[PDB]
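Comments concern the structure below.
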Amino acid sequence: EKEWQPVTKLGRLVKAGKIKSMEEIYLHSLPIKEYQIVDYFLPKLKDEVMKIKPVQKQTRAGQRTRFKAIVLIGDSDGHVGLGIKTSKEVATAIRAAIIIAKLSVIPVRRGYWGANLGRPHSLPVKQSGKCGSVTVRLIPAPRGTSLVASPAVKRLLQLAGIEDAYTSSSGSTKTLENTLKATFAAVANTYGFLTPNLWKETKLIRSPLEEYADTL
Amino acid sequence: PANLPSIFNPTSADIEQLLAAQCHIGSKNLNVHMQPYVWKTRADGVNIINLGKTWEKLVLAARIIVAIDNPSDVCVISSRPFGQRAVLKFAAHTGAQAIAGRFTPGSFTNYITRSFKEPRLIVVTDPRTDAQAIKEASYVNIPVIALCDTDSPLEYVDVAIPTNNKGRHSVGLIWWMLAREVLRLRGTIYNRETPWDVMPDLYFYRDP
Amino acid sequence: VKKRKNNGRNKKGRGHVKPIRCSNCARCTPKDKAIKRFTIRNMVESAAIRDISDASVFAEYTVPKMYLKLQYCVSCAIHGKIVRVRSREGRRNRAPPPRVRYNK
Amino acid sequence: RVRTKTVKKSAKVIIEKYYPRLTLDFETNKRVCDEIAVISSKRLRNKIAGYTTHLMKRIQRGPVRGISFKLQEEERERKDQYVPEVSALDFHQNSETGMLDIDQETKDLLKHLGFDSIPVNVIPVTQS
Amino acid sequence: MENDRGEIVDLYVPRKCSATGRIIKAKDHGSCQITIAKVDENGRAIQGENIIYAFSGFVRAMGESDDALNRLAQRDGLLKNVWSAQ
Amino acid sequence: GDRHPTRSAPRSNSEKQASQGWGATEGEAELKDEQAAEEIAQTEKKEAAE
Amino acid sequence: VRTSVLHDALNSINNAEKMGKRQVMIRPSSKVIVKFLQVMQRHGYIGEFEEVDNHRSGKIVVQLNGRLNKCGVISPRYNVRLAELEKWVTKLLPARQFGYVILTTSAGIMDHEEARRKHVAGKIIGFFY
RNA sequence: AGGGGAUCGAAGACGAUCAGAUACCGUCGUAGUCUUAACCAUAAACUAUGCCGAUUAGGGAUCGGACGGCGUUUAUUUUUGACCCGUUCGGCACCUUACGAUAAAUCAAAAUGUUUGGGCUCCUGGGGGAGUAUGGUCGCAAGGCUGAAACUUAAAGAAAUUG
Ligand SMILES: [Zn+2]
């Protein structure tokens, strides 16, 4: 509600504003642990809850039910994350789940199908992910083609900011949590594929943590 | 050379002390990743470490230590009793935070435990018995330096110093030389030729 | 689901082995799927020896202890409590139970 | 006939936070608590004081694992500077008749380094 | 490094491991950097110029960063008689 | 045995209708229930506050 | 028994890249593999390769430069038309802007993007990207 | 069909237990259990894991052959035998680990598969009806091999978690 007290060095430094933008934090692959960093260098984030699962768990005293909520966030311009949390009430679960999602947010590479004419629109390469008896495959597509996918996996792509793609899925796709996690892993690994246009050597620099001393 | 001058050499005087503390006798069972730091296997018994190799890796480890702006971002770990007093005196002569005894897993990952510190470097006395410390270093992007004999797992270990790692005199002497070399690079000793005014036996263990 | 990696018999590299008779029920079991017990027990207890010793036939001597070897099928074995059920992870451990040399 | 966490944690904090102000005496301890604490029962109040007097009785002879206080660190730090004048680890050939014992395998290593000038005794290694 | 008309539209150009060359992913906790200080003629460490190395979690997990560090350092002239291709 | 062989007449033990009678056991409805609880809570409080 | 030495060699290379080494040995030598290596070499996907010699099949040794991904082989020798090449490049390639399918023609063992320039066709052998 | 037929022991007779007990417990006991000359060709015939070939991680044990070495042991001795240390080829297995795989149990193969093609043979397509009916074929017989349809049904099933 009011001024937040940084508990980690990465948190105190950003509040001062010494670090320009999130991208460098990604460049140095640093762990984020406070959701105040993310929403400071990424405002205008929309969230949607897919569904809540009722689980008639355990017996001997009846069943003590817990509820599991799945939420995902994005800005439709290259940042997306997904988190899941369960609790004893839907309101408590949803709030805690959004926090977990904000922590998870990652960037997504976007490229061209054929020839480049500004404003990349699709994936650079084709890539796939697997999260247990379910695989999802995404391949590039030309302009004009919309997103071709099931409603669940389709919704994620707007939040990531992709315009053109073909999709394919195998295995038991009725497990919504497993399906969403596989798509998340697939879109994530696009920055791991070493394309021809990245062979050029880059120079190593010191991380922001080491450049300057912090404030008590 | 192109980066190191010729003043960084073993020097005869140091050699007697290091090999007097029984540092060339350790670990009959030969691990395959420590074979490069091996001179020759003794006839019908133990292996023999290459004492020359120690000196260059020791200076290399020292270069890592004197790189952080504030010396408070350096943690020195030890669990077994033989290397506890020595670690504590290191933290006093230089600037560093020390941990002797139990580690309390969660120190580097949980932000509500009372023993919570976020360092940028870790120095370990034995990777086998401090595996828990290394396991957590793998979560927050922090390199690891450790003293190792020839039998020791080397996952997530970036710099390895070959020593006895289990002797009474050996672990103390190595810590002393490393601390001395750090002060040489700093403006403390003021010269590579002048001797330092504390003797190695301070870095020992007392039974009661 | 396999419960044991060796199928509880310890035979790999042969067709079969000739079976044997359980020393309690007289059931038939293969020679390798059998609990075997070696025993070196005295003729009598120490208490008897003292009465035996006093009427010594020749000088001072001890009557030699006997040696036995018993073989059990598994169902009778765990009813007589020679061995008993272990835990999920304790199963895969083939070391003989340690014997205390001082017994507190 | 055994205390609980409530008394022990109350005892623990008082000794750690007000160490100089109290002593081994049981009634002086009894009084100080009622001024520095907020208790609502005479029996609980008495019990906390009793344990602290027991707790302080044992601290006087050796430090205990649970306790950690500001005075303790520096007072101990003073006593841990013992140094032997003989310097046993120092190369002992100059301080006794015999020199150092090594093996021929080690001897070659010095030759590779070139530090053959240093004099030390060499003993070959037997089978057992 | 996409170029529609010569400018860079990519969000950021990641790093590569110095021993294998794989791209260093985001959220890849396990990767580390090593900094070696530069000494002067009489032994002091000059402040503000430094050489940086990067290693990936993939090589780190096997436990081969040590041999990689010998090779990279021996190439840049920071050691002697410490690494060898037999 | 007082359990398995019921000695009364089966008369409309419909869990579906009971769900309506008690509370629907679905996550989606609960969110609406919480919104309604928030709406009702304020009006009661303001009357006491006034 | 050994039935495709080209596949054996390519399989060894792929293992090293996914395990991260910098060197591979290849036991059987042949023109097809040696020319196959050259097509990658002209594009930088590999480094320097050394050919040893003995009066036998002959070993090869190359050291891996990294920056190399899946390189496979199609075992049944298909027949490709000059028109049915967009089908194959759509079939097995991560993207259009890079990657190479390798053919065999009467003009020598070569790849596409130049077979299109030379207006030639033949049989498919492999691919690499 | 002969020979042989000690011991066990299908069928069977008695004794007990039991409300009944055509069984589990006891005493006998025929075919059989053995062998010669001919038939039968099925087994949870199980590693529930087809055969050939290449690559991929550390270790210590173990069987056979070869090689190198300081020693010991007792030999009409010395070479050799036998014990110790090490290297290598070929097998029956095991321990830690996952860079990898699978739904999981787990696996040095069950890996090198959505970034899918080394070579060749066989088998299955929800559960019952059913390894049944009919036809063919082999067999002295019991049976073996090949092998459907009408009809019926919304679940059967695998691995793991809490009671
Ligand atoms: Zn029995």
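Protein chains in written order, with the numbering used here: chain A, 422 to 637; chain B, 55 to 262; chain C, 2 to 105; chain D, 654 to 781; chain E, 20 to 105; chain F, 42 to 91; chain G, 452 to 580. We put the CB at the ideal spot given by N, CA and C, even for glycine.
| Asked | Found |
| --- | --- |
| CB contact below 9 Å: A:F614 versus chain G | yes |
| C:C29: CB within 8 Å of a non-hydrogen atom of ligand 3 | Although ligand 3 was asked about, the structure shown includes only ligand 1 as ligands. |
| Closest Cα partner of C:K32 within the set C:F39, C:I41, C:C26, C:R22 | C:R22 |
| Touch test, the stretch 34-50 of chain E against the stretch 113-125 of chain B, Cβ-Cβ under 8 Å, three pairs minimum | no |
| C:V101 to C:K82 span [Cα, whole Å] | 20 Å |
| Neighbour-count burial assignment, C:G16, 16 or more Cβ in a 10 Å radius | exposed |
| Within-9 Å CB hit, G:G495 to chain E | no |
| Which of helix, strand or coil DSSP assigns to D:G703 | helix |
| Beta-carbon contacts of residue 581 of chain G that lie in its chain and below 6 Å, excluding the five residues immediately before and after | The structure shown has nothing for residue 581 of chain G, since chain G only spans 452 to 580. |
| Selection from C:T40, C:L71, C:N94 that minimises the alpha carbon distance to C:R5 | C:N94 |
| Residues with C-beta closer than 5 Å to any heavy atom of ligand 1, in chain order | C:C23, C:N25, C:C26, C:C74, C:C77 |
| Residue of G:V513, G:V524, G:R532, G:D504 minimising C-alpha distance to G:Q492 | G:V513 |
| Where A:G483 falls: helix, strand or coil (DSSP) | coil |
| CB contact check: A:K506 to chain F, cutoff 9 Å | no |
| Within 8 Å of chain A by C-beta, residues of the stretch 53-83 of chain F in sequence order | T66, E67, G68, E69, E71, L72, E75 |
| Secondary structure, alpha helix (DSSP H): runs of 4+ residues fully inside the stretch 132-199 of chain B | 139-147, 185-191 |
| CB contact below 9 Å: E:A87 versus chain A | no |
| Where the alpha helix (DSSP H) containing G:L554 begins and where it ends | No alpha helix (DSSP H) contains G:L554, which is instead part of the beta strand (DSSP E) from 551-556. |
| Identity of the residue in B:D261, B:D255, B:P262 nearest D:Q734 by Cα | B:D255 |
| Residue 270 of chain B versus A:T429, A:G539, A:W425, A:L538, residue with shortest Cα-Cα distance | What the structure shows of chain B is the stretch from 55 to 262, and residue 270 of chain B is not part of that stretch, so it cannot be assessed. |
| Where the alpha helix (DSSP H) through F:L72 begins and ends | 68-90 |
| Cβ pair count under 8 Å reaching 3, the stretch 456-463 of chain G against the stretch 508-515 of chain A | no |
| For residue 5 of chain B, the three-state DSSP class (helix, strand or coil) | Any question about residue 5 of chain B goes unanswered here, given that chain B covers just 55 to 262. |
| Contact check, A:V470 vs A:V492, beta carbons under 9 Å | yes |
| Interface positions of the stretch 512-539 of chain A facing chain E (Cβ-Cβ less than 8 Å), listed along the chain | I527, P528, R530, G532, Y533, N537, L538, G539 |
| Beta-carbon proximity list for G:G498, same chain, < 6 Å, skipping 5 on both sides | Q514, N516 |
| Distance, D:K700 Cα to D:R654 Cα | 12 Å |
| CB contact below 9 Å: E:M20 versus chain B | no |
| Validate contact between the stretch 63-76 of chain E and the stretch 610-618 of chain A using beta carbons, cut 8 Å, 3 pairs | no |
| Member of A:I453, A:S543, A:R487 whose CA lies at the smallest distance from the CA of A:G535 | A:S543 |
| Beta carbon proximity, A:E445 to chain E, threshold 9 Å | yes |
| Host beta strand (DSSP E) of A:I505 (start-end) | 500-508 |
| Opening and closing residue of the beta strand (DSSP E) in which G:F500 lies | 500-502 |
| Contact set between the stretch 550-563 of chain A and chain F, restricted to residues whose Cβ is under 9 Å from the partner | none |
| Buried/exposed call for B:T204, threshold 16 Cβ in 10 Å | buried |
| Distance between A:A606 and E:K46 (C-alpha atoms, nearest Å) | 12 Å |
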